[PDB]
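Here is the structure we will look at.
First listed ligand is number 1; within each ligand, the first listed atom is number 1. Below, all heavy atoms of this structure are taken into account, side chains as well, without hydrogens, waters or symmetry copies. All chains are named by letter (A, B, ...) in the order of the sequence lines, taking the proteins before the strands, and each is independently numbered beginning at 1.
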Number of protein chains: 2
Amino acid sequence: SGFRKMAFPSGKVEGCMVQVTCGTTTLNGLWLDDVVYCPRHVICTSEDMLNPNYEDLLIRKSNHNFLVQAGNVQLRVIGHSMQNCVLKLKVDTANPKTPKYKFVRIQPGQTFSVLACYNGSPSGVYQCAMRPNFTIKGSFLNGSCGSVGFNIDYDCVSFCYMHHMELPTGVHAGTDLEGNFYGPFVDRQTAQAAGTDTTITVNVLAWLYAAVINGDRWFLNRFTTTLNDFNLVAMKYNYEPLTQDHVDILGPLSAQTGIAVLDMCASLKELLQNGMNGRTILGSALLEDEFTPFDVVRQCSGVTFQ
Amino acid sequence: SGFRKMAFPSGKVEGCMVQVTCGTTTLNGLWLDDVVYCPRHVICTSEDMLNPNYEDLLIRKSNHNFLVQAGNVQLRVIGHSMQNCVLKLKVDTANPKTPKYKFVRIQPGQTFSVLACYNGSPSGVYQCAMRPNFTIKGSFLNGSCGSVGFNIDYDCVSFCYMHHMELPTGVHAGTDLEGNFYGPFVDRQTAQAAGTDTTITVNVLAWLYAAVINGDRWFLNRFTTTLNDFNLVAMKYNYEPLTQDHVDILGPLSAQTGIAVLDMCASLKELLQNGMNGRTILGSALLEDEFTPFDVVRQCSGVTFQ
Ligand SMILES: *[C@](O)(C(N)=O)[C@H](CC1CCC1)NC(=O)[C@@H]1[C@@H]2[C@H](CN1C(=O)[C@@H](NC(=O)NC(C)(C)C)C(C)(C)C)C2(C)C
Ligand SMILES: *[C@](O)(C(N)=O)[C@H](CC1CCC1)NC(=O)[C@@H]1[C@@H]2[C@H](CN1C(=O)[C@@H](NC(=O)NC(C)(C)C)C(C)(C)C)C2(C)C
């Protein structure tokens, strides 16, 4: 038993990380087949960041200005192109460690693993949720740009995030692997706002299920609610509305525990209205929303990866 | 910026995980050079677990009764021996993915990464602290025995933990890689108690430093304390005593923030006596003790690994 926030094993992604240098800027790239993907602001000086014309800046660069290094070994750059907010560098060698992969656009409320890298060298791995306001709460210092997010389905790596920037209070923003930002952000050092965020209700319920599965059940009560009644409570507490689609997704956890989703909702309602009264659930004194239903099913059933 | 509980990249350890089967029991093994290490209770039936004589049980087994599989490929077992609570299976092939490694005995209050595996297949990675009572709070289902804990110093993997058993409330126990249990535990399904645990004070202070470094500073106050005065407070709250050795270890974080350790102690004292008043620190509503000083320095300075 036990329930922990868990990342995917990172080995398949470690084999794809490279260092990309353009002039004075060193950040990370992702090497898959004969292409290296990295944030396009690798081409910028500090002053360019304030108001960049990326088309004009990239015109000043040639293949030989992009220094790509895979471990100690230099890659030869034979082409370059900009796709949205990423740069793609064509190299003369296919990465012999290329895993089976896809590029996916993750939905708000879903999770992924981040392999934080510096100078093309993997530092550590952690899980993130894509917040409803299209930000993540990660750990990214200067040098981490180009670090990626991913999920692993058996042997296939689905890349979903590349790190670009930070917003006030350690809030992080980035792109899919086609260079499209999640959310309203642009890659310019100028005032920008993230939306109001909201709590991912289906994820809170999944985590309460995880708690019951792990024997932490003090918060279960004699009550029930309706979808409508729960949703009036969700709206007062800045929780996203619960839908029948979410009830259906919670089915495996309802079946494992025998606790109907609307009875677990009545527990959640009492925890929102009354607080935790100094008690903890799965070692937390707050209601946790960064575990998806799949995350709880996968962990509380033991799925693995080749 | 940002501060997250982060595991080491797991690729070097993924390349060492195998499946070990003896009769009806399948669990994980660790393949380094031409040896596979696994928990010795792989040899037990369910009934044997209740009161095993491991010497007598192992005598009934030959090399060809240990089925070792590395991916889809079978290893040949050419010798077996028991060392404390592990079995060592000599195989006829050195693991070609063997990293630079050491076996270390971790101290209480230190952290390590766990690569949770099932059937020899890596499932996920998370960080654990060795509690002062020589247990860990992990996520281990049936099939996870033999999963290991480790740290990475640049390119060298220091293995420190192998998973064996669970105690009430999802508390986990296991051995070093010489098969010596951490704590008082024995590998028998009979009543056993873990000691009273205590909170790792130096780790709480490191995490308050992490909070200040990340701009979360509402809990800083106009007060100071002494080592003696703080320690009377630590004892009332089941915190380990703070020593000058711990003050010295916190030096890099004191220097980064300009906040003397005894001034941060005065903040900790007020948080213990008054609680958090419904506020959070680095996204937590509890005081966190599973980050070492090195963990905070490494993350809040960006150290990486080859
Ligand atoms: C990466 O490029 C990298 N080299 O690692 C970097 C990570 C940050 C963490 C400190 C350096 N990303 C940026 O520097 C990024 C690039 C400029 C400025 N960036 C920011 O993240 C800035 N944020 C920002 O201006 N926020 C708003 C837009 C005002 C809310 C920093 C002030 C953190 C540097 C661009 C192109 C956005
Ligand atoms: C592993 O062997 C494995 N196959 O994965 C297993 C992990 C646990 C998680 C459920 C199965 N470890 C054990 O089964 C372990 C082996 C027997 C019994 N074990 C226990 O962990 C038991 N705990 C226990 O008896 N606790 C005390 C000692 C009474 C406090 C379980 C009841 C969880 C099975 C031995 C040799 C200790």
Side-chain angles (χ1 to χ4, degrees), chain A residues 1-2 20-22 24-28 38-52 54 57 85 116-119 135 138-147 162-175 181 184-194 302, chain B residues 1-2 20-22 24-28 38-52 54 57 85 116-119 135 138-147 162-175 181 184-194 302:
Chain A
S1 80
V20 183
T21 302
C22 190
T24 182
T25 301
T26 295
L27 62 80
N28 308 283
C38 71
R40 64 175 173 173
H41 70 260
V42 70
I43 71 185
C44 292
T45 68
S46 291
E47 183 172 298
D48 290 333
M49 306 292 205
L50 300 173
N51 187 22
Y54 282 103
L57 295 174
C85 300
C117 301
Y118 296 85
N119 297 296
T135 66
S139 173
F140 294 110
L141 298 173
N142 185 33
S144 65
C145 288
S147 297
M162 177 166 278
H163 182 60
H164 295 237
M165 63 193 294
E166 181 166 308
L167 305 165
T169 74
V171 166
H172 294 120
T175 67
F181 268 90
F185 311 112
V186 300
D187 50 350
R188 177 174 172 193
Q189 185 174 330
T190 194
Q192 292 179 64
Chain B
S1 80
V20 183
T21 302
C22 190
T24 182
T25 301
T26 295
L27 62 80
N28 308 283
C38 71
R40 64 175 173 173
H41 70 260
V42 70
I43 71 185
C44 292
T45 68
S46 291
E47 183 172 298
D48 290 333
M49 306 292 205
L50 300 173
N51 187 22
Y54 282 103
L57 295 174
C85 300
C117 301
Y118 296 85
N119 297 296
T135 66
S139 173
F140 294 110
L141 298 173
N142 185 33
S144 65
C145 288
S147 297
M162 177 166 278
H163 182 60
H164 295 237
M165 63 193 294
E166 181 166 308
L167 305 165
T169 74
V171 166
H172 294 120
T175 67
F181 268 90
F185 311 112
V186 300
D187 50 350
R188 177 174 172 193
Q189 185 174 330
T190 194
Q192 292 179 64

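Here CG of A:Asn28 is found 9.5 Å from SG of A:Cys38. Values are rounded to the nearest 0.5 Å. Atom SG of A:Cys145 is separated from atom CD of A:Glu166 by 9.5 Å, given to the nearest 0.5 angstrom.
Across all their heavy atoms, B:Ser139 and B:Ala116 have their closest contact at O-CB, 4.3 Å. Closest of all the heavy-atom pairs between B:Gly174 and B:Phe181 is O-CD2, 3.2 Å.
With A:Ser147 contributing its side chain and A:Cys117 its backbone, the two residues share a donor-acceptor pair below 3.5 Å.
Relative orientation of the B:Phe140 and B:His163 rings is parallel, given thresholds of 30° and 60° on the angle between their planes.
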Pairwise, report which nitrogen or oxygen atoms of ligand 2 are under 3.5 angstrom from protein nitrogen or oxygen atoms, and how far apart they are.
residue	atom	partner	partner atom	Å
ligand 2	2 (O)	B:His41	NE2	2.5
ligand 2	5 (O)	B:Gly143	N	2.8
ligand 2	5 (O)	B:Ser144	N	3.1
ligand 2	5 (O)	B:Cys145	N	2.9
ligand 2	12 (N)	B:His164	O	3.0
ligand 2	21 (O)	B:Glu166	N	2.9
ligand 2	23 (N)	B:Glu166	O	2.9
ligand 2	26 (N)	B:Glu166	O	3.0

